[PDB]
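Student: Just dropping this structure here.
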Amino acid sequence: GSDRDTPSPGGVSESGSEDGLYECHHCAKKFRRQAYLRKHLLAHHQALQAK
Ligand SMILES: [Zn+2]
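Just so it is clear: in the sequence shown, position 25 is 25 by PDB author numbering, and no numbers are missing.
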C-alpha cells in the first residue's frame, strides 16, 4: 500500500456471476464462496467415495 505506479482501479464485472455470486446452472442455489460452490459441484458427483 505504497506503490510507485497506480494500483489501477479495476471497475469491471463478470456477466455470469454479475454480483460475484456463483450461480450453478441447472440449479436455483448460488454460493458467494468458491469452497461452498465446489462442495455443491461434488454434490453433483453421484458416485460416493465410501459407498
Ligand atoms: Zn448444481
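Every residue, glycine too, gets a C-beta built ideally from N, C-alpha and C.
Report the three-state DSSP secondary structure of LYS51 (helix, strand or coil).
Tutor: Correct three-state label for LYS51: coil.
Student: Note down, in chain order, each residue of its chain lying with its Cβ closer than 7 Å to the Cβ of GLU23, except the 5 sequence neighbours on either side.
Tutor: Around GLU23: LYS30.
Student: Mapping DSSP to helix, strand and coil, what is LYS29?
Tutor: Reduced to three states, the DSSP call for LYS29 is coil.
Student: Taking Cβ positions, are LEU21 and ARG32 nearer each other than 7 Å?
Tutor: Yes, they are a contact pair.
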